[PDB]
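Undergrad: This is the structure, below, for whatever I ask next.
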Amino acid sequence: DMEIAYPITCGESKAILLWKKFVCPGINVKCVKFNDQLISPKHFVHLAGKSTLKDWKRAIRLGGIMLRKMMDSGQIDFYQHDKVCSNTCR
Ligand SMILES: [Zn+2]
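Here the UniProt record's numbering is used: the first residue of the sequence shown is 90, the next is one more, and so on.
Take a look at the structure:
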């Protein structure tokens, strides 16, 4: 079908989050398309220059809002988070 996704940013860098690939705990999961390469949020954040924050969920933004908040709202949280979790996402 279609690849559900969301446009995201980090610093002045733009990328695309493939939502169904966004699986807990997300940090090292290849779910971000950046320059036609599928990479992890940790790598995207590093390349965007925000690794010094030590909080990828706050470094990445969706519509200007910290990804952390969109995740906490339940509207854009990890795919199938209620059943698939590492217990280290918090
Ligand atoms: Zn989790």
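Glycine included, C-beta positions come from ideal geometry on N, C-alpha and C.
Over what stretch of residues does the alpha helix (DSSP H) that includes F133 continue unbroken?
TA: Against the sequence shown, residue 133 aligns to sequence position 44. Looking at the DSSP string, the run of the alpha helix (DSSP H) that includes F133 is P130 to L136.
Undergrad: Do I128 and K119 have their C-beta atoms closer together than 8 Å?
TA: By 1-based counting over the sequence shown, the position of residue 128 is 39. By 1-based counting over the sequence shown, the position of residue 119 is 30. In this structure, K119 lies closer than 8 Å to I128 by Cβ.
Undergrad: Could you please give me the residues that DSSP links to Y95 through a beta bridge?
TA: Here residue 95 corresponds to residue number 6 of the sequence shown, with the count starting at 1. DSSP lists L106 as partners of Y95.
Undergrad: Which residues mark the beginning and the end of the alpha helix (DSSP H) in which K122 is found?
TA: The count along the sequence shown starts at 1 and reaches residue 122 at position 33. It is not in any alpha helix (DSSP H) - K122 instead sits in the beta strand (DSSP E) that spans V121 to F123.
Undergrad: Considering Cα atoms alone, identify which of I165, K146, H135 and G153 is closest to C178.
TA: The residue labelled residue 178 in the question sits at position 89 within the sequence shown. Closest option to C178, Cα to Cα, is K146.
Undergrad: Can you give me the Cβ contacts of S102 inside the same chain, cut-off strictly under 6 Å, excluding the 5 residues immediately before and after it?
TA: Here the question's residue 102 lines up with position 13 in the sequence shown. Cβ within range, chain order: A137.
Undergrad: Assuming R150 and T98 make a contact with CB atoms under 8 Å, what is their CB distance in whole Å?
TA: As a working note, residue 150 is residue 61 in the sequence shown. As a working note, residue 98 is residue 9 in the sequence shown. Rounded, the Cβ-Cβ distance is 5 Å, consistent with contact.
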